[PDB]
């Protein structure tokens, strides 16, 4: 009912239980991602040196993001609008909700909590290609319209949230929504009937999706630096791509999307 | 989606379907018969032979009820697009199968939340010609007549895993009897072919304890060996059923599958 507020020193107090909850998400995820999270992500983990036994203070993460890519974490207490989401991202500020799930909601909850953001999303923010892409993504949305922003959310979904890699050493994960969750990691890596497609930006912009279902489609880069290609595009090029997508219309929804409310 | 309304009948209970509505039925029928040819169970196919449904127009309920009456003593019973569990259990207990008299739009051809007339008659009616299934359904209606809200959730779960999404482990392979699978190419493909979905032998307590969500692809299905396996549940007194429900309540639900946890 209340997501925490930092004190006058920006410090947040977490109960030993909220620290035990973090520890348990951490220990179970470290196990889930050994040979599955991309190398780039593991490198980020090493730079971050996150606490395994308690929730880190935001400044303790930010100070590593700052030195690597110029990024910081940005505490948010309520849910923010799209405009503000892009504003923060274009300023290389990554919004971080200041709460952790209950034990009851440990395997899944819908609002991204502190574990989701810091474990799933922040390691790659130490990586220049990913951090630059995310900044570029936030710039893409500043002036974009309601419907253009819908297309960009979709690009976001398929890269930052649920992105995969097709590597010589096999399939890997870079999406934050996958890396922070045993359920998602196992499905993304192991489910044999899900479509896994090579990344194509027009394909992506045209793909319908629903958030509360098992994803029937994923898009695959070869390596995280591939995001440079999209990062390089001018905002005009991106809106051109959005318009093209609109002219062709969305792909037909996969049956589980059609089914979902 | 779309808000649907039952068509109002004659006074003789005749419904006028448009050529467009009848073409929509024909398309659904033709694409579905092809799907289920080697996938629906024998008992279902025999139900279709008994119903001899028109392939190119929507049947009048009377055409269906005529066969149901002959075979199991059942009848189609026209109802609004939205009815309550009170009415639903009641009509079932009376061997009255509720059918909303509408068909889906072209745009909702591949899927819709509401059971339309194709869902109801094609998907659900053939097995009501089958004494084991019809008798079971009648027994299900009866289970619900004096059920508390809490009891009805458990009953809806047995319904879900049997009548709606039931499968069989047969000597010729995996087959479908669930009316919510049969009426749909997407459900039929998934139930038959998906590699990773859990298909478990039927156990009434396991079933009563199984969390589920209606707008997701089902992570679990339960298999009888034959439709007549339903006779065992049918035979239980309502007290026996409610004992099983009390047992499930006391034990609590099985831990949900990840997709169930994830669902709205």
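If you go through the range A:162-196 and keep only what is more than 16 Å from residue A:41 (Cα to Cα), part of a loop (DSSP other than H, G, I, E, B) and either in contact (Cβ under 8 Å) with a residue 40 or more places away in the chain or within 13 Å of chain B (Cβ to nearest Cβ) (or both), you end up with A:191, A:192, A:193, A:194. When each of B:50, B:69 is tested for being assigned to a helix (DSSP H, G or I) and under 21 Å from residue B:10 (Cβ atoms), the lone residue that passes is B:69. Being within 14 Å of chain B (Cβ to nearest Cβ) and part of a helix (DSSP H, G or I) is the filter; apply it to the range A:234-261 and report the residue that is nearest to residue A:191 (Cα to Cα). Checking each candidate, the answer is A:256. Could you pull out the residue among B:73, B:84 that is out of contact with any helix residue (DSSP H, G or I) (no Cβ under 9 Å at 6 or more places or on another chain), more than 14 Å from chain A (Cβ to nearest Cβ) and over 20 Å from residue B:17 (Cα atoms)? On inspection, the qualifying residue turns out to be B:84.
Tallying residues that are more than 16 Å from the chain's Cα centre (by Cα) and closer than 14 Å to residue B:129 by Cβ within the range B:39-58 yields 7.
Scanning the range A:90-112 for residues that are in contact with a strand residue (DSSP E or B) (Cβ under 8 Å, 6 or more places away or on another chain) and part of a loop (DSSP other than H, G, I, E, B), we see that the one that is farthest from residue A:226 (Cα to Cα) is A:98.
Once the range A:197-206 is narrowed to residues that are crowded, with 19+ Cβ neighbours inside 10 Å and closer than 13 Å to residue A:162 by Cα, the residue that is farthest from the other protein chains (Cβ to nearest Cβ) is A:199. In the range A:210-233, the qualifying residues are those that are touching a strand residue (DSSP E or B) at 6+ places or on another chain (Cβ under 8 Å), more than 14 Å from chain B (Cβ to nearest Cβ) and not in a helix (DSSP H, G or I), and the one that is surrounded by the fewest Cβ atoms within 10 Å (Cβ to Cβ) is A:222. Taken together, A:115, A:130, A:119 contain a single residue that is in a helix (DSSP H, G or I) and farther than 20 Å from residue A:69 by Cβ, which is A:115.
Quick note: the coordinates plus some simple rules give every number you see, no bench work behind them. Every residue, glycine among them, receives a Cβ derived from its backbone with ideal geometry; neighbour counts consider all protein chains shown.
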